[PDB]
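To find a chain, count down the sequence lines: A is the first, B the second, and so on, and within it residues start at 1.
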Amino acid sequence: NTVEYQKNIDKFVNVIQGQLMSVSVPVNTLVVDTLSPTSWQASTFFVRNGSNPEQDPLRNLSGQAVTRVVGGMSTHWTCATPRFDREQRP
Amino acid sequence: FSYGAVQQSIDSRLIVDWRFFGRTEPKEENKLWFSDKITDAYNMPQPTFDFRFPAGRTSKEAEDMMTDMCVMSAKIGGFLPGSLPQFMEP
Amino acid sequence: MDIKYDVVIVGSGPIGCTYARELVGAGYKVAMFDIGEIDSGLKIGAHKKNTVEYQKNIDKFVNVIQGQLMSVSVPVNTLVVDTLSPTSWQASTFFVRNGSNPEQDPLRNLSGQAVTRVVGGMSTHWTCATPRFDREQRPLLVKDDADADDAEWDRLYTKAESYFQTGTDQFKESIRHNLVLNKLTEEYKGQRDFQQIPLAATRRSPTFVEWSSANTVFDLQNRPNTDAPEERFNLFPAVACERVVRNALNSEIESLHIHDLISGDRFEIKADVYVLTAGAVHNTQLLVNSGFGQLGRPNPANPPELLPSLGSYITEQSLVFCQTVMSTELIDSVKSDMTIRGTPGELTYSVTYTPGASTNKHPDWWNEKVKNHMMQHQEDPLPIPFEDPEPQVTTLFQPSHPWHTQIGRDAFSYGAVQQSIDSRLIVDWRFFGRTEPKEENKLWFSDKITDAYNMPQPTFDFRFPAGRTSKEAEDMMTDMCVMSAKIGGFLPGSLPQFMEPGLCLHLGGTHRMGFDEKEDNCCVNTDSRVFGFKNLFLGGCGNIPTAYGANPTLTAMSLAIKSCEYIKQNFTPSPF
Amino acid sequence: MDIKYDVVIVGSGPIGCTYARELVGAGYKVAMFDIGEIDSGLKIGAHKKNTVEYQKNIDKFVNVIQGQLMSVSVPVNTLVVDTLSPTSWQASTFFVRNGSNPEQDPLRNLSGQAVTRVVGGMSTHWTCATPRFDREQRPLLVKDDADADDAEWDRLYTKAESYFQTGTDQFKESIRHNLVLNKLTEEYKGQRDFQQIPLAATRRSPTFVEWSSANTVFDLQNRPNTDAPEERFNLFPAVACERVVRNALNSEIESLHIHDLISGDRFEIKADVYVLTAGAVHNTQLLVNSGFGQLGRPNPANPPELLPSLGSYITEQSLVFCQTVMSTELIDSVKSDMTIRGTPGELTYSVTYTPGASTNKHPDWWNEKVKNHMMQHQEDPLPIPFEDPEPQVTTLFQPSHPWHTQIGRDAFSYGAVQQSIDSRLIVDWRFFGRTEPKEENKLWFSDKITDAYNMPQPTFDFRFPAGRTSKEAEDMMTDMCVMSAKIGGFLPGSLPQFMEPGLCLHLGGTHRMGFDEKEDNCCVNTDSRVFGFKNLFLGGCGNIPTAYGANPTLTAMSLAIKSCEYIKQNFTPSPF
Ligand SMILES: *Cc1cc2c(cc1C)Nc1c([nH]c(=O)[nH]c1=O)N2C[C@H](O)[C@H](O)[C@H](O)COP(=O)(O)OP(=O)(O)OC[C@H]1O[C@@H](n2cnc3c(N)ncnc32)[C@H](O)[C@@H]1O
Ligand SMILES: *Cc1cc2c(cc1C)Nc1c([nH]c(=O)[nH]c1=O)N2C[C@H](O)[C@H](O)[C@H](O)COP(=O)(O)OP(=O)(O)OC[C@H]1O[C@@H](n2cnc3c(N)ncnc32)[C@H](O)[C@@H]1O
Ligand SMILES: *Cc1cc2c(cc1C)Nc1c([nH]c(=O)[nH]c1=O)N2C[C@H](O)[C@H](O)[C@H](O)COP(=O)(O)OP(=O)(O)OC[C@H]1O[C@@H](n2cnc3c(N)ncnc32)[C@H](O)[C@@H]1O
Ligand SMILES: OC[C@H]1O[C@@H](O)[C@H](O)[C@@H](F)[C@H]1O
Ligand SMILES: OC[C@H]1O[C@@H](O)[C@H](O)[C@@H](F)[C@H]1O
């Protein structure tokens, strides 16, 4: 709800990404084999960068994220508010 | 909420987004649980998921949803290169 | 090298080899020239995929294809690079660089179009798909008598199929081929019929296919030789053919001007019959360089002396692509007839089936292969054997689905080959649309810019026509999305897309056939003879004047066979 | 194919061809097998870049290279693909997919290591750089007499240079070459020496270089023939050599077990002398498959019976790479001797120079080419002719810069080839470090997992050693950054970087040479003969036991020459 964001709406994605903190990130196993021989080099895929060694990367919700600001996710949401029909509703 | 770099080649007045969302059957095996050892950034038990989309109706509908988006969106225009039909991260 | 031959052939691809097979066999003294060199091994002009190594490492053959596809027309590059060091030499303009063509509008191009300069041409790397066209795709050879026209096409295609060794049986024992064929057949329930893609190939063994090529049509060995002591043929590689010389009256060709690329020498070669099979782009180039059609940017205020339709009414196909990852239901189905007891990797595990049971879903050979895979590789979570051949499935073009389809695995991959998803699960989908011939769609040649062989630079001015061509193209996209979903969901990184215009290399109509030069807006007649010229013939896909979605080479070969018939009726071979 | 030969050679690369040249020439009845096929033109085993088309389209050759580099050891993939459709078959584990090697630690690999299976081996695509090693990089051939050691190495290198047609003046009239060379010579005056990279090649014309290959060494034609009517040689392509059969006493090889890949039949071939030149990986594989060294994951508690150092002490070089865009200052220097008047594109334009002027910064050959380019291409903003050859510049390995260097343009490009910067501005930089031999750096073969030819799967356990190796590698990086800056800034997209371990394909020491099996931890003596075996010889880079930065093939060829001198003295040819 800023004049600047509604004039530059392509920029709002940055707001969203800035306050979506991933819930569970599995241990990273990407191979980097082009480090300099003088650089400190991992022998294992150890727990780095706040990753979750409990998490099976193949049974995750990797996109699940949380927002910690006053107003919660309603500070960035799309504002779509349909009713559920009977088939979807408790 | 755009998902990749915003393209600048095609005039934005021509672009229409399509997002279709499926319903997921509740299954006891699909879980959110909390580590008894690993903690998050606020020293609280670390969230972990054990999730897959259930076989049967949830999976069949998910794929028929994809087909429905390909069929429907074609009535408006062809796909924008770089934003082709895809499942998003769970 | 002689000064004089009965027949000279420009190009050693499969269409020039059709001419050679017919005419060398009929006793003519033939020379063939190709601008490229021998580089398929000891079988001259053979398929480069016919190595044991390439068939064991089939993800590698894309490199061979890419290695010998030289882009026809690359527009001047306008990418902004603004992170050079300030000491580096920097352009003030987007100047003509790196062999780019300043004639080319980047927005009306066939960017994908590319040419191959090697003995055997494109048939050293092609997919070997050889479908016939149905009537709706096919030009007319007999007007006002459709049964005569059908008979003539069936005789010509049958011959052409013999030349290429076309069959429909080479993949009949693949589990993946039958898995996908049978599911599609069931799902369509008579609305569409499926078969094996007709392929120019012979299976040698369960792990090796001898793919056909130019070599299969004609072995390209000089003659006479021990196997053919009464025949006369010479092939001259690394010879650029540049011009055919017209008599004053524009009724005959008097010589062919060539340039030997190794010596630098130039010659005028004399023949009774001149045959141009240099490809749809280079036949056009050679003719324009020889004073046919119009050199330079089209100018309708200066109509050409000869062949006003040369380079107009060009057609290229729309091509849509994706890959899929086989459904869980389909993979479980592979093992539907099996009884599986215990835990894999333990000595109590077993997999069995009942041979010849009436109610088995699969034949005994299938079940045998599944059983042996599952018992010998209990570490593996799939039931498909490791060296199972790829699918090769089609539903051919029909009026209700006016596109050709190839479903399976193609050597011409389009991005990095992914390694995360098992290859056994992957099926490719390529659907090819037909394009209406329109006068405004053009291949022309610059009067100033030249190519790497100092020949007039090719330039395209092309868009897919509005109306039918475009509606069908999008409908074809939708059809691929709908069909492929019956087998599996899309593979991430191979999502449904249109390919670059001309990537599919099915360009037609650049020197098109018809019955009447003016009424049919054409360049050659049904003998592939250039109108007005007694002794000048063209072969290839540039001949085809129709809108077609199927792969064109077989159709071009068939036209070449018919052209040969006319040669044999109108020119006498010299005495041996 | 006969069952019996005087000498059998495994592999038709340049090192097997060195054995063929010496021993066929000396009268032995020789057979050579290769697992790959004749695929390169009528000159068997020749360089694939020696076509007119590749030298006009030199950016396309990287595809040829890629097409025949098959990775040695690919670890199990752990990429997460979590955007499949829910209907698609989805893995529960990172199971063994796509021919991956579950033995391989992805973090202790040579992931860039690759093998070539074609007649002529890797010499069908190599760069042709053939420098000599100085003492510091070179194993001893004479103990306790440095001068005699140097004399022996000079004798052998001189022959090897002759066989490959090594030379240092093929690029001497390249503007780009001399511009870079002169600038680096001045910048490092009295500190480092710069010269042309020694290249196995013969210039044929100003726009064509005949690159050497295996074919240069030995033509690979069957003999006897008209040109060699008393020589005896047969080459058998598409034959996988699987095992040398040891006698029980482990003193002699009794036969070579082969698999004909076309028929599928197996044979046992007898020879007097068995020569293994299958490359540094596949020689090791064939020996371990034959009971030498240790099969399976290394286990020091079960010492092997034979050749305990086989597959240990392996070395591969560190490689750093970048590209630069030529500085404005250097570009403007190219035309420093020209007098320019008039308007480019008009009849008033004139570019001239004074031949011989003492105030000229460049030679007359250089100015003549600049002038002719500027006059014939007056629209073009650079003074460099379009077909000016690339630089080929080096400063060879020295103690104060203990790395090999190659500066110019290599056909093995590593990313998509940029098109926005004019190619005449681009200079490549590749610096190669030496690697200490360490017993813990190993190539070993799985006892369960097999490759595409059903042979034991190679596995690497490799890291660049701490200490001098590592320090010099980083110092090498910094030296590239400092030196390249004298020519121009970095090209975006080709910034200074280490290449994947083993991408450089300079693997050595996998069956290393020394004087004494135990004291020098080695596999072959200085005749290249396998310790303990009368009639088994190894050739190739796997013989080299030292830490070397320079390209190894010339050195391996030198050692094969010496080996043949022993063969000729200790075995007699059979009667013709
Ligand atoms: C991010 C996002 C979310 C939605 C849309 C788009 C995007 C990019 N669009 C959208 C949504 N929902 C719709 O129905 N229609 C749409 O068009 N989005 C989801 C929606 O945004 C959420 O469902 C909604 O806010 C949920 O409301 P809530 O149940 O009030 O939860 P919030 O997460 O908003 O706020 C919770 C709140 O609590 C705080 N917090 C968290 N943990 C603690 C602890 N331990 N102590 C104290 N406070 C805590 C958070 O900081 C947060 O503010
Ligand atoms: C590259 C490609 C091509 C096809 C397939 C797949 C791939 C990646 N798949 C395929 C195709 N066609 C089908 O019907 N089915 C499929 O499954 N491909 C197209 C097919 O490959 C071509 O249509 C066919 O070769 C055309 O045959 P041609 O008319 O004989 O033409 P070529 O381009 O093969 O050979 C021309 C020949 O001429 C030489 N040349 C060119 N210019 C000159 C000059 N001026 N002088 C002398 N010689 C010249 C060339 O070097 C070339 O060898
Ligand atoms: C690929 C490459 C390699 C080099 C350069 C560039 C690139 C991209 N440039 C280069 C190199 N070396 C130099 O010193 N200077 C440079 O400028 N390259 C390395 C060079 O190419 C090799 O060092 C050289 O060929 C090694 O020669 P060789 O020892 O004869 O080994 P090859 O690998 O060439 O040939 C072996 C031959 O054996 C066959 N084979 C393999 N296994 C089997 C079995 N089991 N049975 C039968 N035959 C087998 C292969 O098929 C092969 O042809
Ligand atoms: O882009 C790949 C396609 O190329 C066309 O030329 C072939 O006819 C198709 F079979 C297919 O391989
Ligand atoms: O990666 C490219 C490098 O490959 C090596 O094998 C060559 O010896 C170098 F000349 C260089 O071409």
Side-chain angles (χ1 to χ4, degrees), chain C residues 36-42 48 51-53 56-57 60-61 63-64 66-68 70 74 77 79 81 83-93 95-98 100 117-118 205 238 261-262 324-331 379-381 419-423 425 452 488-492, chain D residues 36-42 48 51-53 56-57 60-61 63-64 66-68 70 74 77 79 81 83-93 95-98 100 117-118 238 261-262 264 324-331 379-381 419-423 425 452-453 488-490 492:
Chain C
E37 291 171 94
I38 294 169
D39 79 344
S40 301
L42 298 178
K48 291 162 174 214
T51 72
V52 169
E53 182 74 343
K56 278 177 186 290
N57 298 280
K60 295 288 177 193
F61 195 75
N63 300 111
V64 177
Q66 291 167 346
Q68 61 188 37
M70 291 42 179
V74 180
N77 186 285
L79 298 181
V81 182
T83 54
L84 298 185
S85 173
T87 60
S88 285
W89 192 98
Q90 222 228 299
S92 292
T93 71
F95 71 94
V96 173
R97 272 167 290 155
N98 299 337
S100 61
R117 298 180 188 94
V118 301
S205 78
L261 299 161
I262 305 307
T324 53
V325 181
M326 214 82 73
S327 71
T328 308
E329 286 183 352
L330 280 171
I331 294 298
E379 82 298 338
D380 184 69
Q419 300 300 129
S420 179
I421 308 294
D422 196 289
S423 71
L425 299 172
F490 306 129
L491 179 67
Chain D
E37 290 170 270
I38 299 177
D39 69 353
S40 268
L42 296 177
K48 292 173 177 196
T51 71
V52 173
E53 183 79 335
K56 291 175 179 281
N57 300 276
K60 300 286 204 163
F61 198 69
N63 302 111
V64 179
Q66 290 169 348
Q68 58 189 38
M70 277 57 163
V74 177
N77 190 291
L79 297 179
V81 187
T83 55
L84 301 172
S85 177
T87 59
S88 286
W89 190 100
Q90 175 163 342
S92 289
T93 70
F95 67 95
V96 175
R97 285 148 284 153
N98 299 335
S100 64
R117 298 179 189 90
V118 302
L261 290 164
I262 311 311
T324 56
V325 182
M326 211 82 73
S327 73
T328 305
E329 284 179 355
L330 282 171
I331 293 303
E379 73 299 325
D380 176 68
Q419 295 301 311
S420 54
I421 306 298
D422 195 290
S423 65
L425 300 169
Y453 293 86
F490 310 128

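If you measure heavy-atom distances from C/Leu84 to chain D, the contacts under 4.5 Å come from both the backbone and the side chain. Both the backbone and the side chain of C/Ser423 come within contact range of chain D, each with at least one heavy atom under 4.5 Å from a heavy atom of that chain. Of the atoms belonging to C/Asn77, it is side-chain heavy atoms, and not backbone ones, that fall under 4.5 Å from chain D. For C/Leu79, the parts lying near chain D are the backbone and the side chain together; criterion is any non-hydrogen pair under 4.5 Å. Proximity to chain D involves both the backbone and the side chain of C/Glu53, based on heavy atoms less than 4.5 angstrom apart. The contact between C/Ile262 and chain D is made entirely by side chain atoms (from C-beta outward), counting heavy-atom distances below 4.5 Å. The parts of C/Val325 that come within reach of chain D are both its backbone and its side chain, each placing non-hydrogen atoms under 4.5 angstrom from that chain.
When the candidates C/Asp39, C/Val74, C/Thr328, C/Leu261 are compared by the number of heavy-atom contacts under 4.5 Å with chain D, C/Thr328 comes out ahead. Here C/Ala452 is the residue among C/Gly488, C/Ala452, C/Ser92 with the most heavy-atom pairs under 4.5 Å with chain D. Taking C/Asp422, C/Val96, C/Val64, C/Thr51 one by one and counting their heavy-atom pairs under 4.5 Å with chain D, the maximum is reached by C/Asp422. Contact count against chain D (heavy-atom pairs under 4.5 Å) is highest for C/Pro381 among C/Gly36, C/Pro86, C/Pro381, C/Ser40. Across D/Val52, D/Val118, D/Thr324, D/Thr93, the residue that shares the most heavy-atom pairs under 4.5 angstrom with chain C is D/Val52.
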Exercise. Would D/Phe61 and D/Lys48 satisfy side chain to side chain contact (heavy atoms under 4.5 Å, CB included), going step by step from the backbone distance to the final call?
Worked result: CA-CA 9 Å; D/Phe61 198 69; D/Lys48 292 173 177 196; 3.8 Å; yes
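One finds the CZ atom of C/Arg97 at 11.0 Å from the CG atom of D/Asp380 (value rounded to the nearest 0.5 Å). With rounding to the nearest 0.5 angstrom, the CG atom of D/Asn63 is 11.5 Å from the CD atom of D/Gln68. Taken from OG in D/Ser85 to CD in D/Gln90, the straight-line distance is 9.5 Å, to the nearest 0.5 Å. Taking NZ of C/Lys56 as the start and CE of D/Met70 as the end, the distance is 11.5 Å to the nearest 0.5 Å.
Among all heavy-atom pairs drawn from D/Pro492 and D/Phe490, the shortest one is CD-O, 3.5 Å.
No side-chain donor-acceptor contact under 3.5 Å links C/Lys60 and D/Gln66.
Counting heavy-atom neighbours within 6.0 Å of C/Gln419 CD, excluding the residue itself, gives a total above 12.
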